[PDB]
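Data block for upload-v3.txt (compact mmCIF, C-alpha atoms):
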```txt
# COMPACT_ATOMS: atom_id res chain seq x y z
CA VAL A 1 0.00 0.00 0.00
CA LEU A 2 2.66 2.48 1.08
CA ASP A 3 6.36 2.66 0.18
CA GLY A 4 8.62 3.88 2.99
CA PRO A 5 9.29 5.40 5.40
CA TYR A 6 12.54 6.94 4.18
CA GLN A 7 14.79 9.06 6.41
CA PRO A 8 15.62 12.75 5.74
CA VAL A 9 18.11 12.79 2.87
CA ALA A 10 19.21 14.66 -0.25
CA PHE A 11 18.56 12.82 -3.51
CA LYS A 12 17.39 13.11 -7.11
CA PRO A 13 13.76 11.91 -7.21
CA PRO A 14 12.73 9.74 -10.17
CA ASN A 15 10.03 11.07 -12.51
CA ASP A 16 6.37 10.15 -11.93
CA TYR A 17 6.84 9.68 -8.18
CA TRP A 18 5.20 11.64 -5.37
CA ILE A 19 7.39 12.43 -2.39
CA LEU A 20 5.03 12.48 0.59
CA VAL A 21 6.80 14.19 3.49
CA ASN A 22 5.50 13.60 7.01
CA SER A 23 6.20 17.01 8.54
CA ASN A 24 6.60 17.49 12.28
CA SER A 25 8.94 20.49 12.66
CA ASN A 26 8.04 24.08 11.84
CA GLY A 27 11.17 25.17 9.97
CA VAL A 28 12.13 24.01 6.48
CA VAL A 29 10.08 20.91 5.60
CA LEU A 30 11.61 20.52 2.18
CA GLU A 31 13.74 22.13 -0.53
CA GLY A 32 14.76 21.44 -4.12
CA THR A 33 16.85 22.89 -6.93
CA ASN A 34 18.48 22.06 -10.26
CA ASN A 35 20.84 25.02 -9.90
CA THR A 36 19.57 26.49 -13.19
CA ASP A 37 15.99 27.77 -13.08
CA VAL A 38 14.26 26.17 -10.08
CA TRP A 39 14.61 26.86 -6.36
CA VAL A 40 11.73 25.73 -4.18
CA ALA A 41 11.46 25.48 -0.41
CA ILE A 42 8.38 24.49 1.57
CA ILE A 43 8.25 26.24 4.94
CA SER A 44 6.07 25.32 7.94
CA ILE A 45 4.10 27.51 10.35
CA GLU A 46 2.28 26.32 13.48
CA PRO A 47 -1.35 27.34 14.19
CA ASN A 48 -2.36 30.75 15.59
CA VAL A 49 0.63 32.87 14.59
CA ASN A 50 0.36 36.65 14.21
CA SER A 51 2.22 38.46 11.44
CA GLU A 52 5.96 38.47 12.13
CA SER A 53 9.38 37.94 10.60
CA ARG A 54 10.99 34.53 11.07
CA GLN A 55 14.39 33.16 10.09
CA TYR A 56 14.81 30.28 7.63
CA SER A 57 17.77 28.58 5.96
CA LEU A 58 17.24 28.33 2.22
CA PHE A 59 19.97 26.42 0.37
CA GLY A 60 22.74 27.40 2.78
CA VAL A 61 21.60 31.01 3.12
CA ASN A 62 19.65 32.53 6.03
CA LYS A 63 16.64 34.53 5.05
CA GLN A 64 14.09 36.70 6.65
CA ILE A 65 10.48 35.96 5.75
CA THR A 66 7.25 37.49 6.99
CA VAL A 67 4.74 34.83 8.01
CA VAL A 68 1.16 34.75 9.28
CA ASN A 69 -1.19 31.94 10.28
CA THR A 70 -4.31 33.01 12.17
CA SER A 71 -5.83 29.61 11.35
CA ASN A 72 -6.06 26.53 13.58
CA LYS A 73 -4.40 24.38 10.92
CA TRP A 74 -0.72 24.20 10.04
CA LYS A 75 0.41 26.43 7.22
CA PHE A 76 2.89 25.35 4.56
CA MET A 77 4.33 28.17 2.48
CA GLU A 78 5.87 27.49 -0.92
CA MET A 79 8.87 29.73 -1.62
CA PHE A 80 10.09 30.06 -5.20
CA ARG A 81 12.55 31.73 -7.57
CA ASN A 82 13.69 30.90 -11.11
CA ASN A 83 16.97 32.78 -10.85
CA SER A 84 20.03 32.22 -8.63
CA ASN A 85 20.37 35.95 -7.92
CA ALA A 86 16.69 36.69 -7.26
CA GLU A 87 14.93 36.72 -3.90
CA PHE A 88 12.33 34.10 -3.00
CA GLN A 89 8.64 34.84 -3.44
CA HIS A 90 5.67 33.39 -1.58
CA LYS A 91 4.18 31.43 -4.47
CA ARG A 92 1.54 29.09 -3.02
CA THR A 93 -0.10 28.11 0.29
CA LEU A 94 -1.18 24.74 1.75
CA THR A 95 -3.37 24.82 4.88
CA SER A 96 -3.44 21.40 6.52
CA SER A 97 -4.60 19.48 9.57
CA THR A 98 -2.62 16.44 8.40
CA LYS A 99 0.80 18.12 8.19
CA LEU A 100 1.52 16.25 4.94
CA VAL A 101 3.33 17.78 1.96
CA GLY A 102 4.04 16.33 -1.48
CA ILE A 103 6.27 17.13 -4.44
CA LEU A 104 6.25 15.58 -7.93
CA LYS A 105 8.35 15.56 -11.09
CA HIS A 106 6.13 14.93 -14.12
CA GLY A 107 5.46 16.07 -17.68
CA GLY A 108 8.38 18.48 -17.69
CA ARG A 109 6.86 20.16 -14.63
CA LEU A 110 7.30 20.33 -10.86
CA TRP A 111 4.09 19.66 -8.93
CA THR A 112 2.99 20.55 -5.39
CA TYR A 113 -0.24 20.66 -3.37
CA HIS A 114 -2.06 23.83 -2.34
CA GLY A 115 -5.43 24.96 -1.03
CA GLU A 116 -7.00 23.85 2.24
CA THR A 117 -7.48 20.30 3.53
CA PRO A 118 -9.56 18.30 2.97
CA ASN A 119 -9.75 19.93 -0.47
CA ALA A 120 -6.10 20.39 -1.44
CA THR A 121 -5.31 20.10 -5.15
CA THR A 122 -2.13 20.05 -7.24
CA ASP A 123 -0.40 22.83 -9.18
CA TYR A 124 2.83 23.26 -11.12
CA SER A 125 5.99 25.28 -11.67
CA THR A 126 7.65 25.35 -15.08
CA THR A 127 11.24 24.30 -15.70
CA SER A 128 13.70 23.75 -18.51
CA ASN A 129 15.65 21.20 -16.52
CA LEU A 130 13.34 18.85 -14.61
CA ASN A 131 15.54 15.76 -14.38
CA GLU A 132 18.38 17.55 -12.58
CA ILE A 133 16.20 18.85 -9.75
CA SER A 134 17.50 17.31 -6.53
CA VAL A 135 15.39 17.38 -3.38
CA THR A 136 16.29 17.59 0.32
CA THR A 137 13.84 16.37 2.97
CA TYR A 138 14.06 17.25 6.67
CA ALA A 139 11.42 14.80 7.87
CA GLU A 140 10.45 11.21 7.09
CA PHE A 141 8.80 10.72 3.71
CA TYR A 142 7.07 8.14 1.53
CA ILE A 143 7.24 7.31 -2.18
CA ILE A 144 4.00 7.11 -4.20
CA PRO A 145 3.64 6.43 -7.98
CA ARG A 146 1.70 8.92 -10.12
CA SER A 147 -0.67 6.10 -11.12
CA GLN A 148 -1.87 6.24 -7.51
CA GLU A 149 -2.05 10.05 -7.29
CA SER A 150 -5.63 9.69 -6.02
CA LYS A 151 -4.16 7.88 -3.02
CA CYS A 152 -1.64 10.68 -2.48
CA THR A 153 -4.33 13.39 -2.69
CA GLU A 154 -6.28 11.44 -0.09
CA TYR A 155 -3.36 11.23 2.35
CA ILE A 156 -2.59 14.92 1.87
CA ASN A 157 -6.21 15.75 2.70
CA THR A 158 -7.11 13.15 5.37
CA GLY A 159 -3.78 11.78 6.57
CA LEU A 160 -2.34 8.32 7.10
```

Could you spell out this file's structure in structure tokens?
Amino acid sequence: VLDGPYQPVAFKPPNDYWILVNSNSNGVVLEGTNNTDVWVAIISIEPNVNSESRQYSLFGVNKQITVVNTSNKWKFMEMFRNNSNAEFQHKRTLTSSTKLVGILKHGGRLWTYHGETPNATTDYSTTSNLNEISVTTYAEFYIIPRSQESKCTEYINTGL
């Protein structure tokens, strides 16, 4: 039914595979780059947080990011840039009671979940260099084939 768990590690994910990270911490859940046109980092925020600046380490560099989470659910912020010299931008948001986050390499695109559980859906970032995107996890994760994406969407939205 479920492949894993795998320990936090840096690796190059194979295409058509969901990486389902079981978040617990509230720092950097996840980050990935191909060093050419993709830098993504999923950041975690605990419930009931008022607007404030917090410190995060993105790819070996400390950054200052304003965060807010008035909700009762955990907030997962997707940070993005397509240029090595640019700053990161708050691209997408995932509001979850399950604390689960996924990332996928497919169809020349990088996929993530966003929205609010139990109704989180997938979305994409464009790249010219999908295969070379390596990913670093900071919590235990599972591996799920794209043919069972419906299973992944269910775990994201209702948990394990």

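Nearest-residue note for residue A:111: choosing from A:15, A:148, A:23, A:83, the minimum distance belongs to A:15, counting all atoms listed in the file.
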
**Neighbour list for residue A:34 as an MDAnalysis selection string, cut-off 12 Å, all atoms listed in the file, skip fewer than 5 positions in-chain** = chainID A and resid 11:13 39:40 59 81:84 110 127:136

**Asked** Quick one, how far is atom CA of residue A:141 from atom CA of residue A:8?
**Response** 7.4 Å

**Message:** Just want the 9 Å neighbourhood of residue A:126, counted on only C-alpha atoms, with same-chain residues fewer than 6 positions away dropped. Output as JSON, numbers by chain.
**Reply:** {"A": [37, 38, 108, 109, 110]}

**Message:** Please return as a PyMOL selection string every residue within 8 Å of (2.3, 4.7, 0.9), taking into account all atoms listed in the file and the file's own coordinates.
**Reply:** chain A and resi 1-4+142-144+152

Write a file of the just-selected residues containing C-alpha atoms, as a short mmCIF file (atom, residue, chain, number, x, y, z; two decimals), in the frame of the given file.
```cif
data_model
loop_
_atom_site.label_atom_id
_atom_site.label_comp_id
_atom_site.auth_asym_id
_atom_site.auth_seq_id
_atom_site.Cartn_x
_atom_site.Cartn_y
_atom_site.Cartn_z
CA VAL A 1 0.00 0.00 0.00
CA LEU A 2 2.66 2.48 1.08
CA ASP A 3 6.36 2.66 0.18
CA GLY A 4 8.62 3.88 2.99
CA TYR A 142 7.07 8.14 1.53
CA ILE A 143 7.24 7.31 -2.18
CA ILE A 144 4.00 7.11 -4.20
CA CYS A 152 -1.64 10.68 -2.48
#
```

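In this comparison, which uses only C-alpha atoms, the residue of A:149, A:87, A:123, A:16 approaching residue A:63 most closely is A:87.
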
**Asked** Out of A:58, A:43, A:21, A:156, which residue has the shortest atom-to-atom distance to residue A:96 when counting all atoms listed in the file?
**Response** A:156

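Counting all atoms listed in the file, the residue from A:158, A:70, A:49, A:124 that sits nearest to residue A:97 is A:158.
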
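With atom CA of residue A:19 on one side and atom CA of residue A:62 on the other, the separation reads 25.0 Å.
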
Could N, CA and C atoms be built for stretch 68-87 of chain A and written out as a PDB file, in the coordinates of the input?
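Written output follows (part13.pdb):
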```pdb
ATOM      1  N   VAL A  68       2.382  34.567   8.510  1.00  0.00           N
ATOM      2  CA  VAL A  68       1.160  34.750   9.280  1.00  0.00           C
ATOM      3  C   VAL A  68       0.312  33.486   9.163  1.00  0.00           C
ATOM      4  N   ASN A  69      -0.335  33.112  10.261  1.00  0.00           N
ATOM      5  CA  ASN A  69      -1.190  31.940  10.280  1.00  0.00           C
ATOM      6  C   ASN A  69      -2.214  32.020  11.399  1.00  0.00           C
ATOM      7  N   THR A  70      -3.259  32.810  11.178  1.00  0.00           N
ATOM      8  CA  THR A  70      -4.310  33.010  12.170  1.00  0.00           C
ATOM      9  C   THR A  70      -5.188  31.763  12.301  1.00  0.00           C
ATOM     10  N   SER A  71      -5.027  30.829  11.370  1.00  0.00           N
ATOM     11  CA  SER A  71      -5.830  29.610  11.350  1.00  0.00           C
ATOM     12  C   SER A  71      -5.472  28.631  12.462  1.00  0.00           C
ATOM     13  N   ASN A  72      -6.304  27.606  12.620  1.00  0.00           N
ATOM     14  CA  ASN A  72      -6.060  26.530  13.580  1.00  0.00           C
ATOM     15  C   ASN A  72      -5.286  25.378  12.960  1.00  0.00           C
ATOM     16  N   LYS A  73      -5.150  25.407  11.640  1.00  0.00           N
ATOM     17  CA  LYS A  73      -4.400  24.380  10.920  1.00  0.00           C
ATOM     18  C   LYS A  73      -2.966  24.825  10.702  1.00  0.00           C
ATOM     19  N   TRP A  74      -2.103  23.874  10.360  1.00  0.00           N
ATOM     20  CA  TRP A  74      -0.720  24.200  10.040  1.00  0.00           C
ATOM     21  C   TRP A  74      -0.646  24.808   8.653  1.00  0.00           C
ATOM     22  N   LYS A  75       0.258  25.764   8.492  1.00  0.00           N
ATOM     23  CA  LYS A  75       0.410  26.430   7.220  1.00  0.00           C
ATOM     24  C   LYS A  75       1.737  26.054   6.572  1.00  0.00           C
ATOM     25  N   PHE A  76       1.679  25.679   5.300  1.00  0.00           N
ATOM     26  CA  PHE A  76       2.890  25.350   4.560  1.00  0.00           C
ATOM     27  C   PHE A  76       3.056  26.295   3.385  1.00  0.00           C
ATOM     28  N   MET A  77       4.069  27.146   3.482  1.00  0.00           N
ATOM     29  CA  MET A  77       4.330  28.170   2.480  1.00  0.00           C
ATOM     30  C   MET A  77       5.313  27.670   1.435  1.00  0.00           C
ATOM     31  N   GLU A  78       4.983  27.883   0.167  1.00  0.00           N
ATOM     32  CA  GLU A  78       5.870  27.490  -0.920  1.00  0.00           C
ATOM     33  C   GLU A  78       6.665  28.694  -1.431  1.00  0.00           C
ATOM     34  N   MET A  79       7.970  28.669  -1.187  1.00  0.00           N
ATOM     35  CA  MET A  79       8.870  29.730  -1.620  1.00  0.00           C
ATOM     36  C   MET A  79       9.512  29.368  -2.951  1.00  0.00           C
ATOM     37  N   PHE A  80       9.642  30.345  -3.844  1.00  0.00           N
ATOM     38  CA  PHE A  80      10.090  30.060  -5.200  1.00  0.00           C
ATOM     39  C   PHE A  80      10.907  31.188  -5.828  1.00  0.00           C
ATOM     40  N   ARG A  81      11.828  30.803  -6.707  1.00  0.00           N
ATOM     41  CA  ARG A  81      12.550  31.730  -7.570  1.00  0.00           C
ATOM     42  C   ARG A  81      13.070  30.939  -8.768  1.00  0.00           C
ATOM     43  N   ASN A  82      13.187  31.586  -9.924  1.00  0.00           N
ATOM     44  CA  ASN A  82      13.690  30.900 -11.110  1.00  0.00           C
ATOM     45  C   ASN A  82      15.083  31.384 -11.499  1.00  0.00           C
ATOM     46  N   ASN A  83      15.696  32.137 -10.594  1.00  0.00           N
ATOM     47  CA  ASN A  83      16.970  32.780 -10.850  1.00  0.00           C
ATOM     48  C   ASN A  83      17.847  32.734  -9.597  1.00  0.00           C
ATOM     49  N   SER A  84      19.116  32.375  -9.766  1.00  0.00           N
ATOM     50  CA  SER A  84      20.030  32.220  -8.630  1.00  0.00           C
ATOM     51  C   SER A  84      20.255  33.521  -7.860  1.00  0.00           C
ATOM     52  N   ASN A  85      20.105  34.653  -8.537  1.00  0.00           N
ATOM     53  CA  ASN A  85      20.370  35.950  -7.920  1.00  0.00           C
ATOM     54  C   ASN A  85      19.116  36.640  -7.381  1.00  0.00           C
ATOM     55  N   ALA A  86      17.947  36.099  -7.700  1.00  0.00           N
ATOM     56  CA  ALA A  86      16.690  36.690  -7.260  1.00  0.00           C
ATOM     57  C   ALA A  86      16.388  36.350  -5.808  1.00  0.00           C
ATOM     58  N   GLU A  87      15.436  37.066  -5.223  1.00  0.00           N
ATOM     59  CA  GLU A  87      14.930  36.720  -3.900  1.00  0.00           C
ATOM     60  C   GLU A  87      13.788  35.724  -4.059  1.00  0.00           C
TER      61      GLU A  87
END
```
